[PDB]
Amino acid sequence: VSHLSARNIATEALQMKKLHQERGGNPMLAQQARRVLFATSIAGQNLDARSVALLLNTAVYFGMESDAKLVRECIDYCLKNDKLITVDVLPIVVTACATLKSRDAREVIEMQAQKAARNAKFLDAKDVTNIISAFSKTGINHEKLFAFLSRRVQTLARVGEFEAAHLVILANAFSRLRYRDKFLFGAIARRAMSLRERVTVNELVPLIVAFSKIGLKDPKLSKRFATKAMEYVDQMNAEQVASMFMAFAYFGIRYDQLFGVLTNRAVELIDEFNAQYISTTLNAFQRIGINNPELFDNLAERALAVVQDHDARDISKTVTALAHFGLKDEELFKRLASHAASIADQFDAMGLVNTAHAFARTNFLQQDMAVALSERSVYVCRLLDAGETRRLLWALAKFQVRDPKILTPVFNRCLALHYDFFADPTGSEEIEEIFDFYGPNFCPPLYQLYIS
Amino acid sequence: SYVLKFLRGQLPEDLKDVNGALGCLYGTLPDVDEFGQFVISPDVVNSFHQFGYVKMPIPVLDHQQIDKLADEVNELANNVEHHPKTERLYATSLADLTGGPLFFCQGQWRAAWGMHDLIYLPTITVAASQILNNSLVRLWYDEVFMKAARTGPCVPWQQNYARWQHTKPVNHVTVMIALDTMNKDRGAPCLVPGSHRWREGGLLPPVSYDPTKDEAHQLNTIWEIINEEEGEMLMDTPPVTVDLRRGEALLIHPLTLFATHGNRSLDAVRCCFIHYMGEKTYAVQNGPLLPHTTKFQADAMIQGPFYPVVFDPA
Amino acid sequence: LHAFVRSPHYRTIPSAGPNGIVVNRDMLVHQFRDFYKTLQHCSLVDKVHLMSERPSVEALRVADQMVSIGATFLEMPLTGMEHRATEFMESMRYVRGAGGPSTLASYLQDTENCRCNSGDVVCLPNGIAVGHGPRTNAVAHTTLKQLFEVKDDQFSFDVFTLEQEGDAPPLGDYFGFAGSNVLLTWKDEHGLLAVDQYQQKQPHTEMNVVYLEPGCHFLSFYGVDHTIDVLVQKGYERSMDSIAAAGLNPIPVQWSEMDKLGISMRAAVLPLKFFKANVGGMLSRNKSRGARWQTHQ
Amino acid sequence: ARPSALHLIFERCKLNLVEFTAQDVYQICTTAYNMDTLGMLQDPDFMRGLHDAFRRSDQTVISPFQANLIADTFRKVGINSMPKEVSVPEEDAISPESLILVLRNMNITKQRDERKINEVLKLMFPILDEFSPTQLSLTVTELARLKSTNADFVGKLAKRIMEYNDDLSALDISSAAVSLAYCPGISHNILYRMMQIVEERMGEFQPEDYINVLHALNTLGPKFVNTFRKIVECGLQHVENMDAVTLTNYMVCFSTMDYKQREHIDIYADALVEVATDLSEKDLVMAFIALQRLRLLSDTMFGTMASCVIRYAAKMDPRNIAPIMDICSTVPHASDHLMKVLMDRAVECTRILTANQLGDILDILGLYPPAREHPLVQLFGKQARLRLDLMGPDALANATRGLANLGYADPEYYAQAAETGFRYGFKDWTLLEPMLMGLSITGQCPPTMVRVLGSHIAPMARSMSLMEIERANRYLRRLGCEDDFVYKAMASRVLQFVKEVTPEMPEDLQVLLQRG
RNA sequence: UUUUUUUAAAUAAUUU
RNA sequence: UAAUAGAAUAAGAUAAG
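Residue numbers (the entry's author numbering), protein chains in the order written: chain 6, 58 to 509; chain 14, 36 to 349; chain 5, 11 to 307; chain 8, 19 to 534.
Pasting the structure below:
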């Protein structure tokens, strides 16, 4: 590998990344690429802008943080030579800098955002989608740039210059940015209409998901998507059926003639569902609100077999959905509580409070789960809403937890947000429960604020 | 869950969750029947048990690996663009955001590549297993020292186990690796031969640290914690300074009296301490041993993600 | 070969064009989309660029900005198109984006009373044909002859002045070359007159003349790279039959609304030949267009 | 072996206990590079200490190339080193020499910075009148190398330089001409006036002046053909004794300008092939391409040049395999021995070829008869299946067409190529056809694939000629397309030429007219 | 399927 | 004391305001 020039190193790193992300995540390739990239330096050699961008993107893709030597050298190159980063290699640099959160990364992202804003009129079919996706990776609020890119996308879509992959990438990128434009998405939907048979099952479900996530509140296209997907259910995979359930729970309109077929297809593929698919289907049914015990029994029986595959997100969503519907599964709840106690440190801010509240709502108390999540609750107090803090405090009180080292963070957080803490009517009952256990002695200022 | 397509190749937030060792420095760890190459001679073990410390005959890392490991240290004390995963450290000298003439970092094996790899290095771990009576070797924690040029201070006489009183049995070893060439004028170790068997394997009283004073007095504080007989054996065998090369390592007993010289050179000096413990190690109290770590109870066997098993002779 | 076109502005499309003929904007947009697809399906063009919409319907006539005479990009005088001036600017940036010339030659702009209209210039083999009509004065003819006309044994470039009447359309709309030998012209008074004049000014030369129906707009990329693609209007079947019988490939294009607005296919496209600067004595790879290993099989 | 004094000196150097200046470090590095008796480069702990002394020293005292040489001799031993960037002069420090030094350091040490270039240009604008005639040319050269986009400042410098025509020599004139030709945005009036200056003083030119002028003319293009004319005639009296590289540049210029006078081209080519054995790999490749593009490869010409290129064919650069393969085709001459070693060399470096180069090589080798019975077809098939992710539409078309023409049978690769080409639609029939040729080898494909292929084909049928219609019908029937729209479109296209069902019409065409 | 785009803008108020 | 250049290429779900 010593005989290979850096221009060949960039190409082989790109090849390894393409094989890793799509053709299976083989750890062999991941560690080989990491070892190769850990001993590379852009120093003393003249390199193209594309080669440096590829090296930076492939290094950052493989878990390489902002403290690395290669990452620093690539970031420095981009800053000194900016005009050399044409619109062809702008998306590569933006995608590489998306996860990097540092001063130089912020400056580079802003400079490329301004460059893309200036040159939004001169892009073609490939460049607009690549740029909008790369900027959808990073979290930015340059509305003007997004509006210019949307105008260019509409102009290009009028002459029919987008394939199905381009459409799904554009829809996902624009729905990720929460950019609500009725005309841009109408043009994308009409482009899918015009493409007709070139949009297969694998390329139709993500389009429906992206259109549901943005939330246009348009019933004219949701019916059309339901009608178009009703013929493709027999071909749909389990991962596609779960995504279909989630998308049409996002839409909020009831299509019984479609949900029945989806339920039958999900029952047919019950042996293929993982924990993620079960959690997604249960959450979709919770959101849409239908109560179907017949599918729920099969889903719970399947989830009892893949307990060890459950993630913290999956545990939280499954437990919340089962608690909402009033379904009693003692064995499943016991196994899930033990598993959540096993992986208590993987819970994020929303997942921990959701799991604790869902376990506390049902008359199910387990010291293995309760102690673990109560101890973990300290690190997430600073990331919670007033309503979430109220829910967490009620769940903690239902666990009969009195340790000051646990209670001080949550009481500080609920004191800092006291106005919103006491302004939610739906939680009022919970309030008169929380102070019924602790009493006026615990945190007097909160009690005085409650009295007023 | 669903790892986004552009996040599939990323690593965990803290490198503790990385089971095993990444291939960055020396590739992958050898096979189960390939661990006999790094065995050390029995005379080295006898010398360690006699002197309280020993210098391994061969350098443990190539010069390129030492350069990369020193770059990790240089980026761990940036003070301008602070290190990512800085919160993944037990302690840091830059918690005040100003630093000083001495930089010390702890738990860096969860923060940077190479340092996480250095824990699983067979060359030092096999020797640590041999020192620990051929048992499982578990990481205790890491430490990185960096002394600036012309102003680096010196760490006075100390005993390592004096800081590890919450672990019940004395079952520890220290491996100190020089990331730069050292001498009596820049951070060389100064150890007392045969000082690990003085107070019946006990701990000497802590020394009095008065900063902003000359190095000679700081190293001369030894005559205040020893007794008359320890004075006699100090007369017989005075403290000796060990010169280390760019990659040479040194095994140290926990109970051996140990100090580091100051830095009077024209460039900063760096070193890395790695502490290892055996299988039969217990705690004495209820609570965590390190900040934000798994908490044990009573005489609980020390295990978990924070103390990975780096070698198993079975 | 890069072809530049501009999308129509649907809001400001006139309800009725010249002569009061009513037009339909939806069919105009559909025909422009079909035209863009037909241009993309052409094998000769390397890329087709689509500029953003502009409020005026006149902005669709993109070829009016400049002409390609050999290796020189000559910019038309900005005399009668002041209101389009900024529009021309927005078109040059596009040309700069695709790697084209930094700027156009301003030889015609500097000259006084030099009225010239791009489209009266026809790129015949080894020379150009200009029209001495209302759109072009004698001063422009003299400047073009002073600039591009050279008389030599092998370095020969001819500028032919073809006189035309006041009511004649631009010469490029009814006079052109196709393939390497075919002459395309209308079976009208002006087409026959131009063909006779060109025969008179270039004797002892054998070539094929193909007569299309009057008003049948055509567009044929004649240049260094040989091609047989001749875009034609859909309505005229006999013109297509004649072009096919001449040994070419007619591509029928629906061009009703743009014709009823007075814009032709030639004026709606900007074909420019771009190259890459070769640093040092370095040659650049070129795509193949013929058969390989003919001797073997 | 290091004696006591040498050992102690080496130890003092290793421990960073000696204060080294940049000059002393340069002297030590020069001594190490010249004489290796002490083994300085064989001690990593000594060279690392010397590098550490280099970083903490004042590098402004030494010339930019001295710092570059220290960095190079540290890189050669294995140390990653880079000289420090110079700061822009401030307050009283702005002088022409100090501002030229910044550009010179950016050039030599490869630390290009657009921001500092802009700042230096803004600082140099007001004091442009203090520049000596040589400093103006130095500035023009330094800005040309750094690929600066400020063509206005370079034009100002060119005008000031050209005001001093009498002072400048031939070498300076040629260097200014080539540097101006390299800058993209220079106004053509300045280029015309510079070429007018170059036209005079024509006989004063030396071979290096000829090379520089030919490079400038090659970069400029055909618009300056008249100037190139004054070159050729001026070179007509010295052609019999001329350098080989100069003749290669002459041939490249002849190809670029599309020269019309064939007598001079023949004279130059005949003089070139006499000394063609003295050319390097790149120059020989460019001369071989230029001779092909001018229709001058006769039997003796091709034989003589192939005999010379066989020498470099053994260890040929990957960028040179495809060109000579292209020249080997399209000519009616025997080149079996050249193609054998070229194919072997392409086999050797199959794992480093880019997607475009691999596709090109496969495209040239598609119709070569002796290439089918070679391991290269299978090895390149595996490599192309690996590299399909990095292939654009042109690379996809080239690789698929080359593999299909070679008889390579692999249904999975062709299906993957079709799926990859479905991600970005086929602009042309020439891009789409190789997918059909590849998929028709096996004769089967999923109905979704043939359905999407027909959806792509049907729009394209409105421009394809009769031969393309027949080929498309053959491929569609081979794949088993049952869609009626595509057959209706193809029959509609056919009716345009035939207009009727001729009795003699090929039996395959009547089935199409029934719209099966 | 026909919605809309093109400034150098600099006038809040406070003891935080 | 130190200065020569070539390549044109599109992956795609964060429990929202």
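Ideal placement from N, C-alpha and C gives every residue a C-beta, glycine not left out.
Under the three-state reduction of DSSP output, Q211 (chain 6) falls in the helix class. With contact defined as three or more Cβ pairs closer than 8 Å, the region 422-436 of chain 8 and the region 377-393 of chain 8 are in contact. Among the bridge pairs identified by DSSP, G233 (chain 5) is matched with none.
Here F83 (chain 14) has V89, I166, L286, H288 as same chain residues with Cβ atoms under 8 Å from its own Cβ, once five neighbours each way along the sequence are excluded. Under the three-state reduction of DSSP, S483 (chain 8) is assigned to coil, being neither helix nor strand. Contact between the region 300-317 of chain 8 and the region 340-351 of chain 8 is established, with three or more Cβ pairs separated by less than 8 Å. A direct Cα-to-Cα measurement between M212 (chain 8) and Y228 (chain 8) gives close to 15 Å.
Listed along the chain, the chain 6 residues whose CB falls inside 8 Å of the CB of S17 (chain 5) are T212, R215, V216. Our two residues, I249 (chain 8) and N207 (chain 8), have alpha carbons roughly 20 Å apart in a direct line. In the structure shown, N218 (chain 5) falls within a strand segment according to DSSP collapsed to helix, strand and coil. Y330 (chain 8) and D301 (chain 8) have their C-alpha atoms spaced approximately 12 Å apart. At a cut-off of 8 Å, the C-beta of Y386 (chain 8) has a neighbouring C-beta in chain 5. For the region 12-43 of chain 5, the set of positions with a beta-carbon nearer than 9 Å to some beta-carbon of chain 8 is empty. Looking at the DSSP output, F478 (chain 6) shares a beta bridge with no other residue. Nearest C-alpha to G534 (chain 8) among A234 (chain 8), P521 (chain 8), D501 (chain 8): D501 (chain 8).
Taking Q102 (chain 6) as the centre and dropping the five residues before and after it, the same chain places the C-beta of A63 closer than 7 Å to its C-beta, in chain order. Residue environment: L449 (chain 6) is assigned as buried (16 or more neighbouring CB atoms within 10 Å of its CB, all protein chains considered). Residues of the region 205-218 of chain 14 with a C-beta atom less than 8 Å from some C-beta of chain 8 are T216, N218, listed in chain order.
For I335 (chain 6), the CB contacts under 7 Å within the same chain, skipping 5 residues up- and downstream, are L356, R359, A360, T375 in chain order. In the DSSP annotation of this structure, the continuous segment of the alpha helix (DSSP H) that includes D317 (chain 8) starts and ends at 317-331. DSSP, reduced to helix, strand and coil, places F165 (chain 5) outside both helices and strands of the structure shown, so it counts as coil. Residue pairing of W196 (chain 5) in beta bridges, as defined by DSSP: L222 (chain 5). Distance from the CA atom of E159 (chain 5) to the CA atom of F170 (chain 5), rounded to whole angstroms, is 9 Å.
Per DSSP, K40 (chain 14) is not a residue of any beta strand (DSSP E), being assigned neither H nor E.
Counting of Cβ neighbours within 10 angstroms places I31 (chain 5) among the exposed residues, the total staying below 16.
Boundaries cannot be given for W148 (chain 14), as no alpha helix (DSSP H) includes it and DSSP labels it neither H nor E.
By the neighbour-count criterion, in which a residue is buried when 16 or more other Cβ atoms sit within 10 angstroms of its Cβ, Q194 (chain 14) is buried.
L71 (chain 6) reaches chain 8 at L408, counting residues in chain order whose Cβ is nearer than 7 Å. Interface annotation for the region 59-86 of chain 5 against chain 8: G80, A81, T82, criterion Cβ-Cβ distance under 8 Å. Nearest to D190 (chain 8) by C-alpha distance, out of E226 (chain 8), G239 (chain 8), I88 (chain 8), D170 (chain 8), is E226 (chain 8). Ranked by Cα distance from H236 (chain 5), the first of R299 (chain 5), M102 (chain 5), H59 (chain 5), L88 (chain 5) is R299 (chain 5). The residues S123, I132, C154, in chain order, have a CB closer than 8 Å to that of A162 (chain 6) in the same chain once the five nearest residues on each side in sequence are set aside.
Per DSSP, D106 (chain 14) is not a residue of any beta strand (DSSP E); the alpha helix (DSSP H) it occupies stretches across 98-110. Using a CB distance cut-off of 8 Å, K128 (chain 8) does not count as an interface residue toward chain 14. Among the CB atoms of chain 5, one or more fall inside 8 Å of the CB of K178 (chain 6). With contacts defined by Cβ atoms closer than 8 Å, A443 (chain 6) and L409 (chain 6) do not form a contacting pair.
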